[PDB]
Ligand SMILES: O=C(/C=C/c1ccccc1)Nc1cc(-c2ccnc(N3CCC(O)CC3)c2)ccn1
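A lone chain, given as structure tokens: the form deposited without this ligand.
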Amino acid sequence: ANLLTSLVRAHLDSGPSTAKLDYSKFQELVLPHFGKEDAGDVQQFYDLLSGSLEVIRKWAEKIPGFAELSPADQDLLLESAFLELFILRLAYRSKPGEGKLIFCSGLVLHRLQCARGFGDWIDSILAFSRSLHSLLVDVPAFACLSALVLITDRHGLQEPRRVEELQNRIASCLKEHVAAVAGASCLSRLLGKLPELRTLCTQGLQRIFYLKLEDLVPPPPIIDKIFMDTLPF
């Protein structure tokens, strides 16, 4: 499809390549102090979230149909899927067999260097990464899946039908791809790990909560809004 192709093109451009990969800050051993954290750690965690939202936003803008949705709805979909997309993209691009977190900017960091800012949450993501990797999801299948996480019903959409339309479009594109390379199943197996993912988002909210409590540095505003809008109260 030209669609599939546009999805893959959007996806690949939204992450880095082996070249663009940044070992400038990477250290294979750091001796941190567990269960505590300073302002640098907290800022870097927030900055990694921020930059991921910026990248995810540009990625979404290249999904055909997405940019013509209402602004409100664009924001709503992005904000509602952000954490879920952050984790999924992180898990898919990282290298858990080496303890390597690879973020969308190309920044590579070791699990121990992420321990301070992220807490447990980073270990939990790596476990998810390993589990997502054992499914062997190829790039076009993934390029579709990720878009379907974004383009989905959310409460408060102004034009849910347009969203549902686009959702169907992308579903068909995926279905078609997984038929073409076969020559319902992997999918049921994929959906099997969604609870891991729902839990992982939850861990993210808890970690933001905790850091907000700590208040060493204030969250960026859009991250802060997402945190708050996600809360049912």
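For every residue, the number given is its place in the sequence shown, counted from 1. Heads up, when I say rigid core I mean the largest set of C-alphas that superpose within 1.5 Å between the two forms.
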Of the stretches 141 to 149 and 67 to 75, which sits farther from where it is here in 7 other deposited structures of this protein, on average over its Cα atoms, after fitting the core? 67 to 75
With the rigid core as the fit reference, the stretch showing the greater C-alpha departure in 7 other deposited structures of this protein, 221 to 229 or 205 to 213, is 221 to 229
No coordinates for residue 34 in a third or more of the other PDB entries: yes
Between us, would residue 184 come up missing in a third or more of the other compared entries? yes
In terms of residues present in the deposited sequence but not modelled, what lies between residue 183 and residue 184: none, 1 to 3, 4 to 9, or 10 or more? 4 to 9
Averaging the C-alpha temperature factors as deposited, the higher value of 120 to 128 versus 67 to 75 falls on 67 to 75
In the PDB record, does 217 to 225 or 9 to 17 carry the higher mean Cα temperature factor? 9 to 17
Note to self: of 53, 166, 187, 205, the C-alpha temperature factor tops out at 187
Sorting by Cα B-factor within the chain, modelled residues only, which third would residue 200 end up in: lowest, middle or highest? lowest
Considering only modelled residues of the same chain, in which third does the CA B-factor of residue 104 rank: lowest, middle or highest? highest
Residue 34 - Cα temperature factor, lowest/middle/highest third of chain: highest
In terms of its chain's C-alpha B-factors, the third that includes residue 173 is the highest
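There is another form of this protein, the form deposited with this ligand bound, and it is not shown here; the text below is about that form.
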Is residue 17 a contact residue for this ligand in the deposited bound form, using a 4.5 Å heavy atom cut-off? yes
Given that the partner is absent here, does residue 142 sit within 4.5 Å of this ligand in the deposited bound form, heavy atoms only? yes
Taking heavy atoms and a 4.5 Å cut-off, does residue 132 contact this ligand in the deposited bound form? yes
In the deposited bound form, is there a heavy atom of this ligand that lies within 4.5 Å of any heavy atom of residue 102, even though the partner is absent here? yes
Kindly indicate whether 25, 112 and 116 are, all three, within 4.5 angstroms of this ligand in the deposited bound form, using heavy atoms. no
Near this ligand in the deposited bound form, with a heavy atom at 4.5 Å or closer, the residues from 94 to 121 are 94, 95, 102
